[PDB]
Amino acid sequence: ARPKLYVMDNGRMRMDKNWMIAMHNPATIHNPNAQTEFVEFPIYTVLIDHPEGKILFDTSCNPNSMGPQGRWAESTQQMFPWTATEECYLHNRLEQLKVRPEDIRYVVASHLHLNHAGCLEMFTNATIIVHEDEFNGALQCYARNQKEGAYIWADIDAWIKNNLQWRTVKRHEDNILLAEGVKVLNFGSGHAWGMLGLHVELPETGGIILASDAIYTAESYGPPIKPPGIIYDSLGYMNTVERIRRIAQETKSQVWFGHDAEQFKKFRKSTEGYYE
(Lines of atoms letter the chains of each structure in order from A and count residues from 1; the text may use other names and numbers.)
(Lines give C-alpha, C1' and ligand atoms only; values in the text may rest on other atoms or scores of the structure.)
Protein backbone atom coordinates (compact mmCIF):
# COMPACT_ATOMS: atom_id res chain seq x y z
CA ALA A 1 0.00 0.00 0.00
CA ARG A 2 1.26 3.46 -0.97
CA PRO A 3 -0.63 6.07 1.13
CA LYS A 4 -0.40 9.87 1.22
CA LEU A 5 -0.40 11.72 4.54
CA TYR A 6 -1.41 15.40 4.62
CA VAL A 7 -0.95 18.01 7.34
CA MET A 8 -3.82 20.49 7.13
CA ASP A 9 -3.39 23.92 8.74
CA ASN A 10 -6.60 24.68 10.64
CA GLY A 11 -5.56 27.98 12.23
CA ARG A 12 -3.90 29.20 15.43
CA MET A 13 -5.00 29.48 19.05
CA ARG A 14 -3.67 31.48 22.01
CA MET A 15 -3.75 30.70 25.73
CA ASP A 16 -1.90 31.16 29.01
CA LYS A 17 1.50 29.46 28.76
CA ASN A 18 0.77 27.93 32.18
CA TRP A 19 -1.91 25.86 30.44
CA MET A 20 0.82 24.45 28.19
CA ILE A 21 3.67 24.35 30.72
CA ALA A 22 2.34 24.19 34.28
CA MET A 23 4.10 26.68 36.57
CA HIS A 24 6.38 27.85 33.75
CA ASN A 25 7.55 31.02 35.54
CA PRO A 26 6.98 30.79 39.33
CA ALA A 27 6.72 33.97 41.40
CA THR A 28 9.66 34.76 43.69
CA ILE A 29 10.60 37.13 46.52
CA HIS A 30 12.07 39.33 43.78
CA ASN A 31 9.27 38.69 41.27
CA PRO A 32 6.14 38.35 43.48
CA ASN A 33 3.72 39.41 40.74
CA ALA A 34 5.35 37.26 38.05
CA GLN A 35 3.67 37.64 34.66
CA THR A 36 2.53 34.81 32.41
CA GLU A 37 2.51 35.04 28.62
CA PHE A 38 -0.23 34.45 26.05
CA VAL A 39 1.27 32.09 23.48
CA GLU A 40 0.16 31.17 19.96
CA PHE A 41 0.01 27.54 18.82
CA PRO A 42 -1.20 25.63 15.71
CA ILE A 43 -4.43 23.71 15.30
CA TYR A 44 -3.85 21.01 12.68
CA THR A 45 -5.46 17.84 11.35
CA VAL A 46 -3.97 14.87 9.50
CA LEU A 47 -5.51 13.07 6.54
CA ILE A 48 -4.18 9.62 5.68
CA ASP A 49 -5.32 8.98 2.11
CA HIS A 50 -5.13 5.19 2.31
CA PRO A 51 -6.18 2.64 -0.37
CA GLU A 52 -8.23 0.87 2.30
CA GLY A 53 -10.01 4.17 2.97
CA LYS A 54 -9.43 7.76 4.11
CA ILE A 55 -8.53 8.25 7.78
CA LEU A 56 -8.70 11.61 9.56
CA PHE A 57 -6.91 12.37 12.83
CA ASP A 58 -8.67 15.21 14.68
CA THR A 59 -11.15 17.71 13.20
CA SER A 60 -9.92 21.09 14.51
CA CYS A 61 -12.45 23.72 15.62
CA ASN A 62 -15.97 24.29 14.30
CA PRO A 63 -16.25 27.29 11.90
CA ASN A 64 -18.96 28.79 14.12
CA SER A 65 -16.83 28.49 17.25
CA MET A 66 -15.82 32.12 17.77
CA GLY A 67 -17.84 35.34 17.57
CA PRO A 68 -20.93 36.93 19.22
CA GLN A 69 -23.08 34.14 17.76
CA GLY A 70 -20.29 31.62 18.40
CA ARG A 71 -20.84 28.14 19.83
CA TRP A 72 -17.97 28.77 22.25
CA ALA A 73 -18.87 30.58 25.46
CA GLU A 74 -17.39 34.08 25.69
CA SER A 75 -15.12 33.14 28.61
CA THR A 76 -13.75 30.33 26.45
CA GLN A 77 -13.23 32.62 23.45
CA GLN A 78 -11.31 35.02 25.69
CA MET A 79 -9.08 32.35 27.24
CA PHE A 80 -8.54 30.26 24.10
CA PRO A 81 -9.22 32.49 21.04
CA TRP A 82 -9.04 30.71 17.68
CA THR A 83 -7.80 32.72 14.69
CA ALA A 84 -8.32 31.15 11.27
CA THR A 85 -9.04 32.27 7.71
CA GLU A 86 -11.73 30.57 5.64
CA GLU A 87 -9.00 28.53 3.94
CA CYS A 88 -7.97 27.12 7.33
CA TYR A 89 -11.43 25.62 7.89
CA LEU A 90 -11.24 21.83 7.71
CA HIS A 91 -14.02 21.58 5.11
CA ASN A 92 -12.10 23.93 2.81
CA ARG A 93 -8.74 22.24 3.44
CA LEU A 94 -10.37 18.94 2.47
CA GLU A 95 -12.06 20.55 -0.54
CA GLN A 96 -8.69 21.79 -1.82
CA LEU A 97 -7.66 18.13 -1.83
CA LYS A 98 -10.88 17.12 -3.59
CA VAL A 99 -11.86 15.21 -0.46
CA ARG A 100 -15.53 15.35 0.51
CA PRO A 101 -16.56 14.69 4.16
CA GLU A 102 -18.45 11.66 2.85
CA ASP A 103 -15.16 10.15 1.65
CA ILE A 104 -13.79 9.73 5.19
CA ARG A 105 -14.08 6.11 6.33
CA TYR A 106 -12.56 6.73 9.77
CA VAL A 107 -12.21 9.72 12.08
CA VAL A 108 -9.87 9.27 15.05
CA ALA A 109 -10.62 11.73 17.85
CA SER A 110 -7.47 12.04 19.98
CA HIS A 111 -9.79 13.61 22.54
CA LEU A 112 -13.04 15.60 22.51
CA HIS A 113 -11.61 19.03 23.35
CA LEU A 114 -12.96 22.07 21.50
CA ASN A 115 -9.93 22.29 19.19
CA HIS A 116 -9.83 18.64 18.09
CA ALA A 117 -13.49 17.61 17.83
CA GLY A 118 -14.96 20.82 16.39
CA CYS A 119 -15.89 19.36 12.99
CA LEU A 120 -16.83 15.77 13.91
CA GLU A 121 -20.41 16.52 12.85
CA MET A 122 -19.38 16.73 9.19
CA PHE A 123 -18.34 13.08 8.98
CA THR A 124 -21.71 11.33 8.97
CA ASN A 125 -20.51 8.52 6.68
CA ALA A 126 -17.51 7.75 8.88
CA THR A 127 -16.82 5.66 11.97
CA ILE A 128 -15.74 8.01 14.77
CA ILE A 129 -13.10 6.31 16.90
CA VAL A 130 -12.87 7.78 20.39
CA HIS A 131 -11.80 6.69 23.87
CA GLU A 132 -14.85 5.48 25.79
CA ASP A 133 -13.84 7.41 28.92
CA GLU A 134 -13.45 10.58 26.85
CA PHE A 135 -16.84 10.00 25.22
CA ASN A 136 -18.45 9.31 28.60
CA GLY A 137 -16.87 12.43 30.13
CA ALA A 138 -18.06 14.70 27.32
CA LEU A 139 -21.55 13.19 27.32
CA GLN A 140 -21.79 14.01 31.04
CA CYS A 141 -20.76 17.61 30.35
CA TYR A 142 -23.64 17.67 27.86
CA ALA A 143 -26.18 16.05 30.18
CA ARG A 144 -25.28 18.42 33.03
CA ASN A 145 -25.70 21.31 30.59
CA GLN A 146 -22.16 22.57 31.17
CA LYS A 147 -21.74 25.62 28.94
CA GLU A 148 -18.18 26.58 29.90
CA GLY A 149 -15.06 24.42 29.62
CA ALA A 150 -13.21 22.66 26.80
CA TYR A 151 -16.23 20.52 25.89
CA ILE A 152 -18.56 22.54 23.66
CA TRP A 153 -22.19 21.71 24.40
CA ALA A 154 -23.29 22.91 20.96
CA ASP A 155 -20.64 20.77 19.25
CA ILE A 156 -21.81 17.71 21.18
CA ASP A 157 -25.40 18.69 20.42
CA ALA A 158 -24.44 18.53 16.74
CA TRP A 159 -22.74 15.13 17.03
CA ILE A 160 -25.97 13.69 18.41
CA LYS A 161 -28.30 15.48 15.99
CA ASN A 162 -26.20 14.33 13.03
CA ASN A 163 -26.36 10.69 14.19
CA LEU A 164 -22.59 10.13 14.11
CA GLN A 165 -21.56 6.47 14.20
CA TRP A 166 -19.26 5.83 17.16
CA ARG A 167 -16.67 3.17 17.89
CA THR A 168 -15.40 3.57 21.46
CA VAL A 169 -11.97 2.30 22.43
CA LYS A 170 -12.47 0.45 25.72
CA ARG A 171 -10.36 1.33 28.75
CA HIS A 172 -8.20 -1.79 28.48
CA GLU A 173 -8.41 -2.32 24.72
CA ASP A 174 -5.27 -3.17 22.76
CA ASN A 175 -4.12 -0.89 19.94
CA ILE A 176 -6.38 -1.12 16.89
CA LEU A 177 -5.10 -1.98 13.42
CA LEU A 178 -7.22 0.45 11.42
CA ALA A 179 -5.42 -0.23 8.14
CA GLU A 180 -2.08 -1.49 6.83
CA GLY A 181 0.52 0.52 8.74
CA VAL A 182 -2.07 2.53 10.69
CA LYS A 183 -2.52 1.76 14.39
CA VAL A 184 -4.74 3.57 16.88
CA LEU A 185 -2.76 3.92 20.12
CA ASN A 186 -4.77 3.77 23.35
CA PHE A 187 -2.96 6.18 25.67
CA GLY A 188 -5.77 6.23 28.24
CA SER A 189 -6.23 9.01 30.79
CA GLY A 190 -3.78 11.90 31.07
CA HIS A 191 -4.31 15.30 29.45
CA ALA A 192 -7.98 14.31 29.27
CA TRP A 193 -10.20 11.38 30.24
CA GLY A 194 -9.10 9.22 27.30
CA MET A 195 -6.41 9.97 24.72
CA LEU A 196 -5.88 8.23 21.38
CA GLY A 197 -2.80 8.48 19.19
CA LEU A 198 -1.90 7.17 15.73
CA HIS A 199 1.12 5.17 14.68
CA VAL A 200 1.60 5.47 10.93
CA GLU A 201 4.17 3.46 8.99
CA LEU A 202 4.76 5.11 5.61
CA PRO A 203 6.84 3.28 2.93
CA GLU A 204 9.10 6.30 2.43
CA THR A 205 8.81 8.70 5.37
CA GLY A 206 8.82 5.78 7.81
CA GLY A 207 7.19 5.81 11.24
CA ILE A 208 5.11 8.68 12.62
CA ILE A 209 3.43 8.93 16.01
CA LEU A 210 0.60 11.45 16.24
CA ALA A 211 0.60 12.30 19.94
CA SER A 212 -1.97 15.09 19.90
CA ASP A 213 -2.27 16.68 23.35
CA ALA A 214 -0.57 13.70 24.98
CA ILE A 215 2.46 15.87 24.22
CA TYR A 216 1.81 19.58 23.64
CA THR A 217 5.36 20.51 22.59
CA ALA A 218 9.03 19.52 22.58
CA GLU A 219 9.35 21.46 25.84
CA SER A 220 6.71 19.06 27.17
CA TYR A 221 8.51 16.01 25.79
CA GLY A 222 11.93 16.95 27.16
CA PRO A 223 13.50 15.14 28.76
CA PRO A 224 12.74 16.24 31.32
CA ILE A 225 8.94 16.15 31.07
CA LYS A 226 7.17 19.44 31.77
CA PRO A 227 3.44 18.63 32.24
CA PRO A 228 0.53 20.94 31.28
CA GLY A 229 -1.81 22.88 33.56
CA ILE A 230 -4.76 21.28 31.76
CA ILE A 231 -4.45 17.70 32.97
CA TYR A 232 -6.94 15.18 34.38
CA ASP A 233 -4.61 12.33 35.35
CA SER A 234 -1.07 13.52 36.06
CA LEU A 235 0.23 9.98 36.60
CA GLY A 236 -1.33 8.67 33.39
CA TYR A 237 0.05 11.69 31.54
CA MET A 238 3.62 11.09 32.72
CA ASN A 239 3.29 7.39 31.86
CA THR A 240 1.90 8.19 28.40
CA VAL A 241 4.80 10.51 27.53
CA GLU A 242 7.37 7.88 28.54
CA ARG A 243 5.36 5.24 26.68
CA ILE A 244 5.49 7.41 23.56
CA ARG A 245 9.24 7.95 24.04
CA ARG A 246 9.78 4.18 24.25
CA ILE A 247 7.67 3.46 21.16
CA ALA A 248 9.46 6.16 19.17
CA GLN A 249 12.88 4.68 19.93
CA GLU A 250 11.75 1.10 19.29
CA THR A 251 9.97 1.91 16.00
CA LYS A 252 12.46 4.60 14.98
CA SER A 253 9.43 6.87 14.56
CA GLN A 254 9.03 10.64 14.63
CA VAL A 255 6.77 12.14 17.29
CA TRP A 256 4.36 14.79 16.01
CA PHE A 257 3.25 16.97 18.93
CA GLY A 258 -0.22 18.47 19.23
CA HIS A 259 0.59 22.19 19.30
CA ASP A 260 4.28 22.89 18.66
CA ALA A 261 4.72 26.11 16.66
CA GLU A 262 8.33 25.32 15.72
CA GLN A 263 7.65 21.74 14.63
CA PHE A 264 4.54 22.76 12.67
CA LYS A 265 6.46 25.34 10.63
CA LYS A 266 8.78 22.56 9.47
CA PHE A 267 5.87 20.34 8.38
CA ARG A 268 4.93 20.08 4.72
CA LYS A 269 1.32 21.27 4.73
CA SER A 270 -1.53 20.36 2.38
CA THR A 271 -0.78 23.45 0.26
CA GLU A 272 2.69 22.16 -0.64
CA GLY A 273 2.20 18.38 -0.63
CA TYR A 274 2.15 15.24 1.51
CA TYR A 275 4.16 12.44 3.11
CA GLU A 276 4.56 9.04 1.46
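Start at 1 with the first residue shown and count on from there.
The PDB entry records a higher mean C-alpha B factor for 67-75 than for its counterpart among 180-188 and 67-75. Stretches compared: 83-91, 132-140. Higher mean C-alpha B-factor in the entry: 83-91.
In this entry, the residue among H111, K170, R167, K161 with the greatest C-alpha B factor is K161. Taking the deposited Cα B-factors for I247, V46, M238, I230, the highest one is held by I230. Among the modelled residues of its chain, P26 has a C-alpha B-factor that falls in the highest third, as given in the PDB entry.
Placement of the Cα temperature factor of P32 within the chain: highest third of the modelled residues, per the deposited record. Per the PDB record, residue ranking by Cα B-factor puts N115 in the lowest third of the chain. Per the deposited record, the Cα B-factor of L56 falls in the middle third when ranked against the other modelled residues of its chain. Ranked within its chain, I209 lands in the lowest third, by CA B factor from the PDB record.
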